[PDB]
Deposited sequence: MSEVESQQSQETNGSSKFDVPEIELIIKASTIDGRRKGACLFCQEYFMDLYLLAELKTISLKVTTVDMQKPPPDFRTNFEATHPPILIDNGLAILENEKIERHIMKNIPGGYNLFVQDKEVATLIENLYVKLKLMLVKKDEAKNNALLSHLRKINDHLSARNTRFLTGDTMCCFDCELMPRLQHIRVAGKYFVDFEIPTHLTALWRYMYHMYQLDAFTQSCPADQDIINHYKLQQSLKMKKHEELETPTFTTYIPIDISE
C-alpha cells in the first residue's frame, strides 16, 4: 500500500574471511549480532542486510572495526552500543534480551579459556575450559529447555553458540581437544544449534575459524569450505 508500512532495513557490516576476502569471517561479535538480527528478521520486525568487508582491502567509520550496525543512516560502532541498540531500539529486541543474571554469569569468560588453551597443548588449560562446559551442561540438564533460558532463542544463546563452534573447530585442530560425550545436555544443545537457521546462516566455515587463530599465532586458499556439524552421540 505505502512505503509508510515498510519494516525497517537493518544493515550489519561484518569482517570478511582472511582467506578469500569474500566469505563471512570468524569474528565472534559479528556472528553473535548476525544471529540476534536474523532471529528478529525471522520474526519479520525488520529486514536484514549483511555486508562483508575485507579489512585489508576496504572499499565514514574511520578507525572502527566490524561489526557495525546501520539503522536508517545512523551507524552504531561500539559493540556494547550495538547490543544496547538492538535491545532498546529494534522491534523484538526486548524479548530477545531476556533478563537472566544466572545465565549471564554462567557463560561469562568462556572465550578467554579457549584462547589460553590454544597457546599450546596443556591439559591443565584444557581441563579449565572443560570445567566451564560442565557447568553449562549441568545448567541445561537442570533446566531441560531447548535453549539456555527456555524453548526460544535469546541473546545469551547467540553469544554461547558461536563460542561452542570455535571451541569444537579450533580446539580440535590446534590442540586435539574434544568436548566429551558424557556432556549429554550440551551435545543436545549443539544438535539444536545446527538445526537453527540463524546459526547455520551466520556460521563461518571451519577453514576460516582455523585461519583466524593461525593469524593470531602467526603460523602458515583453495580448500573448499566445510562446516563441522556432527554430533558424536545419539540424541
Sequence ranges without modelled C-alpha atoms (deposited numbering) | 1-13, 73-77, 239-243, 259-260
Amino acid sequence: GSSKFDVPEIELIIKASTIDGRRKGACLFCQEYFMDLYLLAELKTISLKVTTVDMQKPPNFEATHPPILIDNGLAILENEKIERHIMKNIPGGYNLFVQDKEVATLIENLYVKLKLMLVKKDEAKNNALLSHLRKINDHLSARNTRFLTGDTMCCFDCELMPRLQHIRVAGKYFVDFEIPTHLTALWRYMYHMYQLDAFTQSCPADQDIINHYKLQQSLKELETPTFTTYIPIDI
From here on, numbers count along this sequence of modelled residues.
Which is higher on average in the deposited entry, the C-alpha temperature factors of 129-137 or of 95-103?
-> 95-103
Which has higher Cα B-factors on average according to the PDB entry: 158-166 or 78-86?
-> 78-86
Out of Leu69, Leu39, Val53, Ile209, which shows the largest CA B-factor listed in the entry?
-> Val53
Highest Cα B-factor in the deposition, which of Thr64, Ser202, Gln195, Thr184?
-> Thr64
Taking the chain's C-alpha temperature factors as the reference, tell me which third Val175 falls into: lowest, middle or highest.
-> lowest
Modelled-residue ranking by C-alpha temperature factor, third containing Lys113 | lowest
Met35: CA temperature factor from the record, placed by chain third, in the lowest
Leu43: C-alpha B-factor third of its chain, per the entry, is the highest
